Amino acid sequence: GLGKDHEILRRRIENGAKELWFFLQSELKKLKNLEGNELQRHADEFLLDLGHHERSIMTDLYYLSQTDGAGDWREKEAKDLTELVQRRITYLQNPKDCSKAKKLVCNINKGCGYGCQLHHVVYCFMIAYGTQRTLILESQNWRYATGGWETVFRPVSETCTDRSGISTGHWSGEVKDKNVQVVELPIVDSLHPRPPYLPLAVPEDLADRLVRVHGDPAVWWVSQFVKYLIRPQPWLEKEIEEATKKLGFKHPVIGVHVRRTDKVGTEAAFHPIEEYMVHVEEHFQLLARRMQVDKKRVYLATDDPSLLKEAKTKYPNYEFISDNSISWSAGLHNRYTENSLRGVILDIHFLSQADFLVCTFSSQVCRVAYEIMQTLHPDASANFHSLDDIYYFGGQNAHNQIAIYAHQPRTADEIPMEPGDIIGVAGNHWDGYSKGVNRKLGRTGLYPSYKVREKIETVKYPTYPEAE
């Protein structure tokens, strides 16, 4: 059978879309006949009406995702897959005889901040998993905690944290390293040759189940290594519990990460508070169509300790949840300390727990929070708005899309496409256009975002059947 609610909602979406098309073509024909102030006023009233109409269609699509048991099914399937992957990682990480285990050695001390260093460990872990090597994490003299990883997180194994082997060598590829018991992996920036066990590909054995359950299987797969790595020590778990209570952290909330200080001009622009808060307001308008919004609440994470005062002053209708001493702790004077380490971990935790995330994906901090968010919901792939980049994993293989409809360029800034063309995406301008390279032409420019599909890449990974 099909579900009655499913059929009602599908037809309501289709009728809602058709009515939006009738409304668009009528109101745009009217706009053409106006000028100056009447044109401004008409356009503004039109945008307000379109926002409500658009949000009704998105609300119906949310209900369609849940109806007739689909929500319960998605939650059960996502749980089954996480448990499966976590069991395979635990099995890899816990050989019975550490002496005789194949191993991959990772050093945490890359020359960068916490999110960049966590992503380096994820990259090491994913290649460990692909090559059937126990991950050994070397973390003495960590700039955030001289005592290492186990200052905050559980060790990465219970049975095998020792580097002993009959042979050691620097990574030279799976074929040359086949009989080398312990391989040392460099940073992805220096890795040659590259093995296939890198983002944004996903394991061939899971790909059908992942595409069915999740809008971005690449992030979900990265998130399973993040989930395993950041298992907290009991003292940190107690600190998060009591932080939750003391901050009055509560739902609904929108996470906002504002990255300023040394990021600006090197790796990102300065974005004013108003640019984040436009998307927070829009998302609360959407949530209010399907739930009670007690108070509009924002969890603010920032390395600018003057921002919180600014935000409260400009948005007195909003409840801001923030630890301003964490913001202070993140300045360049204090950043590489255990105090600042606990601060970034807490900010990332609360961001990742929010209903929605507004930030710059140019920041490794926001990307870690978005990856953790994937572990907390069946499919949180769409629960963000980036002011700059799309999701990426530094060191990833080429992010390709496939043109599904033809594009004839209207300006020289646009690229042509025919269906089938491989597009290397550089980003989404959040205005209906993306920028990328039509591979076949080597032309870079703009294309309508709706005219491409994501190319899921799969890789033959080990499946660790003895983990069952």
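Under this definition, the rigid core comprises the largest set of C-alpha atoms superposing within 1.5 Å between the forms. Residue numbers run from 1 along the displayed sequence.
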After a rigid core fit, does 73-81 or 138-146 show more C-alpha displacement in 6 other deposited structures of this protein?
138-146
Could you say which moves further from this form in 6 other deposited structures of this protein, stretch 37-45 or stretch 421-429, by root mean square CA distance after aligning on the core?
37-45
Could you tell me whether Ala268 lacks coordinates in at least a third of the other compared entries whose models cover its neighbours on both sides?
yes
Mean Cα B factor from the PDB record: higher for 326-334, or higher for 393-401?
326-334
Going by the B-factors listed in the PDB entry, is the mean over the C-alpha atoms higher for 114-122 or for 167-175?
167-175
Among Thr67, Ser56, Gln40, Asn428, which residue carries the highest C-alpha B-factor recorded in the PDB entry?
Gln40
Highest recorded C-alpha temperature factor, please, choosing from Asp347, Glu282, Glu204, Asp379.
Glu204
Per the entry's values, where does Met417 land by CA temperature factor relative to the rest of its chain, in the lowest, middle or highest third?
highest
Taking the chain's C-alpha temperature factors as the reference, tell me which third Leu20 falls into: lowest, middle or highest.
lowest
Would the CA B-factor of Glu27 place it in the lowest, middle or highest third of its chain?
middle
For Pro305, the third of its chain by CA B-factor is the highest
Where does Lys455 sit by CA temperature factor within its chain: lowest, middle or highest third?
highest
